[PDB]
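Below is one structure; the comments refer to it alone.
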Amino acid sequence: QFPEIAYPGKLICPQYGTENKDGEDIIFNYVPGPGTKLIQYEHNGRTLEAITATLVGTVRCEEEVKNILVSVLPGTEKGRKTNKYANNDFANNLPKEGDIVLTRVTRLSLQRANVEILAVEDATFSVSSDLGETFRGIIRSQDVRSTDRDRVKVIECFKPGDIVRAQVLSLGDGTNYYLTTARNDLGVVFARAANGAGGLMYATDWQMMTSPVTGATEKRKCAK
Amino acid sequence: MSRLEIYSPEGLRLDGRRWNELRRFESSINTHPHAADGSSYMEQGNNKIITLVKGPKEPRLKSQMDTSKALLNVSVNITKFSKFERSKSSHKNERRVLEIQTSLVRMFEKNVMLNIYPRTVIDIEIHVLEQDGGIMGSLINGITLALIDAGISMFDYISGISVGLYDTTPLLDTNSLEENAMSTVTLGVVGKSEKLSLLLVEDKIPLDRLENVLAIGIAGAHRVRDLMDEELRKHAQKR
Amino acid sequence: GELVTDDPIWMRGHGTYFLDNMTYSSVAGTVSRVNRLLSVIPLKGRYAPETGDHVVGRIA
Amino acid sequence: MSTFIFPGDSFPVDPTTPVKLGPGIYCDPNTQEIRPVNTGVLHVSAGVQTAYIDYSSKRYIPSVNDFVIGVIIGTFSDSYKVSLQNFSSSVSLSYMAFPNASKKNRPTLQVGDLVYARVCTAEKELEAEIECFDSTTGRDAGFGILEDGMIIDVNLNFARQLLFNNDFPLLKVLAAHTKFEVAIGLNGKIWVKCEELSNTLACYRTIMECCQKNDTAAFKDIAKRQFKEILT
Amino acid sequence: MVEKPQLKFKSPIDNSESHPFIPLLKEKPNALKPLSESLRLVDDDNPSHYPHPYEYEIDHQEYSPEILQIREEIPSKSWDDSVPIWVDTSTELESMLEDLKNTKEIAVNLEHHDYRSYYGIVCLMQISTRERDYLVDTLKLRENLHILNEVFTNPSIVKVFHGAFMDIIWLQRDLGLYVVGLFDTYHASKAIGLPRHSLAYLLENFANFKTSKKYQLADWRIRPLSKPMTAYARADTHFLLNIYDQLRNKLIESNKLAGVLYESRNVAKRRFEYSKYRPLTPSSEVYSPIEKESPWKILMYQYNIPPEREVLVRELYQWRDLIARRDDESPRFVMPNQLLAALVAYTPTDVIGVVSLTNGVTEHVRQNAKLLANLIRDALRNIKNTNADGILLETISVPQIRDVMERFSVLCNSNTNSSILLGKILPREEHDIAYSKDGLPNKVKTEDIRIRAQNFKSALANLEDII
Amino acid sequence: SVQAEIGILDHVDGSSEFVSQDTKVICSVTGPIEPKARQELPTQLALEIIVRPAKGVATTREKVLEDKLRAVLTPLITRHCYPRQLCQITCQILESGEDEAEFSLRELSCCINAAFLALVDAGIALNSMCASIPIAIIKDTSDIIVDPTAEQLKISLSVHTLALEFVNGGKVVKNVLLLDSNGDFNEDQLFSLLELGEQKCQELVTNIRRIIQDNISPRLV
RNA sequence: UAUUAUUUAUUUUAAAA
């Protein structure tokens, strides 16, 4: 029995707890999760491995003699629906491996396309100005398409300023992430003609994008 | 002090020396073994200078790396207590330091074989504890002796000497009081040769008088090289 | 800066530079003569690595 | 038909006839209208009707099929780093862009070497690329290292008039005084070389003086006075 | 279409690799240690190996004192007025041998062939003195070229090479030749700091010899050599003596001559050894065609091969090597790495699959298609043949949990102003107003903007068709 | 009447010198060149605007002078056809032509005219043409005057800087680039000088078009 | 994986066949 709301410092439960139910004693294995930490406390000269919450929100328990994933999600259940923690959720939720992100092409190299991660999955997502919190990745030429990976042309697949929906591969070199677009649902999802100097273009073929009003066509690596 | 005789008819200056006599020259090597690769405590007259050479070492940032030679950085720190009146830091006083530091870098980068030490940097940290005239020449002597202690290969010695011209009489190793009353020339003589690596004239000197001042300047600088050379002989034989 | 020898038949080593068919010193130390290798061993000097040295180093 | 034009002026070509876009005119990606952006003489050629503006400029912009004189400023594993003009963006010169190239053999070009190349890629969003042999026609004669000699800085209009227009009397008035070999780059560079240095020096001073004096009829008196001065 | 010269050798080709490399040396001229003691196997637990002969010579011999001083460079011989001297008979070898004994400097270079030969074969030796240029047919004098040890080991004669890190190995393996007095102009160019350390850079700059450099990977076994290849071969050593004079004077002025001569001795001291008898520790003085405990591991990373298929690339790399030794071919001739990766990626079951691959198979794979198919099938059937909480519950058990919970319960029994100056001005929420026609402000309610927010988000995602 | 020259400086792509009354401004343009990491724009051209005073160091006064000069030249340049490039526009005020401690409109107006001419000499893609004039109204007799002298500024109620955009032979006023007004004025005086300024800028571009044509035409063929 | 690599390149052994 734990209080629903929690503050950083409120003791939740030790790593071991028992209770008699239906004449069958069970022992709970409480492991730390996102929002807790094992803190030793002293009241009579003997230590104990208790779990102490370190976030502002509600406590939630899950399962994988079983183990219990004791964690604290930040914010109130009414605040999560209003999404009042959009800026805090972007920085705290780093893009793990295998995630899907929405980036923006900022630099085109002959063998790579430097992008800037703007969102990430949580379809719901999470996105944060002078905040100073932004991630960046690199879309290598070998990860642009699945059909004929080597010997491609990134100038015909991306342009600076285009929005690209790409799935991450792994942490590139610590400085940058490694993304890929070798799927039909991955690629340019929002671009504009003449590097933003034209009209809003829309995806048509697997490698063709066109604007309705201007009628101009430009080759990309679309997603549909 | 007060109103004094600069060069009496008896050939005596205000501090007792004569026209061709240097101030007392007490140099020291390896004074900071656990803080730098080269150390030289220069004590020329009342001038007290600490010169520290740190290198050749890897640059802290690759933004200052040369793939064909070493980089030479000279940092001159003039303490607030180098004079009688504790001088306060002035925005104008920072420009004179940069000119001295640049003149020192350009001087020793031509004499120190930087090609032998590629992809490296050589930091020269200088602390002036007291000054009493001829400070520019004494800074040169501290760098030369500190580089030799660090085993840095050079072509020859670089001797620093300051010469003043009073009326028609040149005076060697000018002190603070003499610099306030006459024109001063600092010289950077290379070894026993008559070649100059530095020549600073910061006051008016007649053109017909400059020829003789340089001759007596390079001559007295050879004597400074001897005093520095002998100190290295005694420090090498006793160790 | 001083002259170590005026014999052109020598192989200049460390602490030594060639100039005008004559040989001068670049550091302050003792003169070394091994076969025909003329060099000067300076007093203070950092570690000079050579092939086959069991060293201990720290990753930078 | 040649007339002086200004930016924002009305383009004196009816939108009915298809016209090719050249250097000087700009097609707005929004309003789709063709409007000038530079200041100079407008040219229209009466099969295909192209139009461009001849504007005065000194900052070279890389364009494909252009012969340029570059300076090697960086050696790497598979390509050189070449500078076509000071302060501009550097261009790429691959090691395989040479006659008889090989992956197991590095070219004998160092930094500071002058090369006469051809721009083979000029993407606005990418780094420009050059090559020392035409990848389209297989040419290689004239491309490569420009040994010795002297390089000259001229405006882009003076360099283009010297390479294309055969009526430009600069090459002819120079041959009347000395034999030489010239390489003209569209990036505002002119490389000359003679047997004796005194002849190359007079060629440098003439091309310098003829570039600022736009009077084409004065080129004869410039070379006459310049070659006569070096004899003193 | 080219006959293998290995078939015409008087001494057979022994690719068995069943004993340490025995030097092909029978006489040791210009020696300080006797040859009778240089054939004792040196075993330091490294396998027992024959020591590199002339090693004591290169270590303890001094060059001529003339090399130390600077002399004026002598112009190389005229290129358009000179001709090579072909040496293919035993009589023509002695005429050149007695000419190389009467000189001070020589420029030597070799050509090699490794595609249709396991260890490889030397195909041409290029020797040139200050007077003439020689081209030696090392395929017909393979047993006769050991006479050159009188000149190649004479300290009074300088052997000018360029990148002799392989020529030293080729001389001792195929010709039994060793160099005492080496001057590698590669280490001379590397010490000076030239941008390119190649021989083409030294020709185009110091010799002013503009040359096309494509006759390197050519087949030097063919006879007679073509006119372009004869002119290319003589050019590798014709100007190397003039280049030697220029680079030597610069090394003296730069005080780098001592380092070049030191590195040159380390190049001449290189010892060839079979891969089976190679030292376990990497050394820059011993050479082996294979210098790794598992050469197929770098192929699995180069071609991205799963680690579970390592037993396959092991049995294919070892089979490919034994076949190359049997027919005296290179491993790439019987099966290149491009085809080796396809066999482990596609795993051809039937015999037809081994023959039909996109790149195309070699003739050794074509003949051994049944054997290779039986190998991949067997190795794949061996892959299919191959494929907690009570630790902490016993320490504390269950009845002792009531103690740690009672410890918890009674340990933690020990667990409004509106504003002062800025508390009622800063935490204020947003208030939006609108000026009416009479100029009076009208505050919109927080529910009016709520209507606007839900009306935009609902009307935004409601776009699924555009004409 | 105003004086103006083109192509005066050697080591830059385009230079100019604009003179009005006593205000003299020399401007230089270099571009497109390699931008710095903190300057490059992924899709369009980056501008580096620098104005330096005639006396003393560059203070915050020239910082707002840069910001206004930047707002005029930015829509006047086809930035999108120079992606990931830099243009350095540097204006040097030789003589202020006015009391620097009180007014700064005569220098802003000349920097606009000098920058536009220097951009023409450099070869940057310009969407149109531009003209700038200073405007003031006198206290005693509320009279609108164009290009006022230094003495008239010290006797004025409000000062104005009008920068217009001209297209099609310099007759169609496409837009009003900059109208900077300070002092005392009402809605009636604004449109009175705005209408008066539109015809004084209209004869400025007509004179500017003549100035640049007299210089560029001898260069070309 | 130094006969390997760095793309507006921090590689500092590209030499031999």
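Structural remarks
- Within the same chain, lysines fewer than 8 places from A:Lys66 are excluded, and of the rest, those with a Cα less than 29 Å from its Cα are A:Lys10, A:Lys21, A:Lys37, A:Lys96.
- Helical mean residue ellipticity (222 nm; -39500 (n - 2.57) per DSSP H run of 4+; nearest 500) of chain E: -11000 deg cm²/dmol
- Inverse mean reciprocal Cα-Cα distance (Kirkwood Rh) of the stretch E:375-467, Å: 23.6
- Basic side chains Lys and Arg get +1 at the Cβ, acidic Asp and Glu get -1 at the Cβ, and with that the dipole of the stretch D:74-232 about its Cα centre reaches some 280 debye.
- Computing FRET efficiency as 1/(1 + (r/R0)^6) for E:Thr416 and A:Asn20, where r is the C-beta to C-beta distance and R0 is 41 Å, gives about 0.45.
- When only alpha carbons of chain E are considered, Rg and Dmax amount to 37.9, 123 Å.
- Entry note, the stretch D:149-232: relative contact order of 34 percent, from Cα contacts under 8 Å with a spacing of 6+ residues.
- The C-alpha radius of gyration of chain F, expressed as a fraction of 2.2 N^0.38 Å, stands at 1.00.
- Longest to shortest principal axis, alpha-carbon extents of the stretch E:184-275, angstrom: 45, 41, 20
- Within the stretch B:72-231, DSSP assigns beta bridges of which about 70% are antiparallel (rounded to the nearest 5).
- Across chain C, the mean sequence separation of Cα contacts (distance under 8 Å, 6 or more residues apart), normalised by length, yields a relative contact order of 28 percent.
- The stretch D:58-148 shape via C-alpha gyration tensor axes, a/c threshold 1.5: rounded
- Positive-pole candidate from E:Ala434, E:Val351, E:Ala379, dipole of the stretch E:343-435, charges at beta carbon: E:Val351
- For the stretch A:17-52, backbone nitrogen atoms closer than 19 Å to the point 7 Å from A:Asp99 Cα along Cα-to-C-beta are found at A:33-36.
- Each stretch of four or more DSSP H residues adds -39500 (n - 2.57); spread over every residue of chain F, this sum gives -11000 deg cm²/dmol at 222 nm.
- Of the residues F:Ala125, F:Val205, F:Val176, the one whose Cα sits farthest towards the positive end of the charge dipole of the stretch F:109-217 is F:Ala125 (charges of +1 on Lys and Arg Cβ, -1 on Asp and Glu Cβ, taken about the Cα centre).
- Cα gyration tensor, the stretch A:1-75 - rounded (a/c under 1.5), prolate or oblate: oblate
- Spin-label model distance (nm) - C:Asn21 vs A:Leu171, 7 Å beyond Cα toward Cβ: 6.7
- Three-way shape call for the stretch D:1-57 based on the alpha-carbon gyration tensor, with the a/c threshold at 1.5: oblate
- Taking the C-alpha atoms of chain C, convex hull volume expressed per residue in Å³: 129
- Across chain F, the mean sequence separation of Cα contacts (distance under 8 Å, 6 or more residues apart), normalised by length, yields a relative contact order of 19 percent.
- Charge dipole magnitude, Cβ of K and R +1, D and E -1 - chain B, Cα centre, debye nearest 20: 700
- Residue-averaged 222 nm ellipticity for chain D, from DSSP H runs of 4+ at -39500 (n - 2.57), nearest 500: -5000 deg cm²/dmol
- Under 17 Å from E:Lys140, Cα to Cα: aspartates and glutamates that are on another chain or at least 8 residues apart: E:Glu3, E:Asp88, E:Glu92, E:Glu94, E:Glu111, E:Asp174, E:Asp219
- For the stretch D:110-151, the fraction of alpha-carbon pairs in successive 10 Å shells from zero, as %: 26, 44, 28, 2
- Candidates per chymotrypsin sites (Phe, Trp or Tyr not before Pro) in the stretch E:316-362, loop by DSSP, up to 15 other Cβ within 10 Å: none
- Within a straight-line Cα-Cα reach of under 25 Å, B:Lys195 can be paired with the following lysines, leaving aside sequence neighbours fewer than 8 residues apart in one chain: B:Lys69, B:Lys110, B:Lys204.
- Out of every Cα-Cα pair that chain A contains, those further apart than 30 angstrom amount to 45 percent.
- Size descriptor, Kirkwood hydrodynamic radius, that averages inverse alpha-carbon separations across the protein assembly as shown, Å: 41.5
- For the protein assembly as shown, the dipole from Cβ point charges (+1 on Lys and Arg, -1 on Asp and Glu) about the Cα centre works out to 1680 debye, to the nearest 20.
- A:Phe135 long-range amide H proximity, modeled H, under 5 Å: A:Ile117
Bear in mind these aren't lab numbers, they're just calculated from the coordinates by the rules spelled out. So basically every Cβ, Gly included, is an ideal-geometry build from the backbone, and we count neighbours across all protein chains shown.
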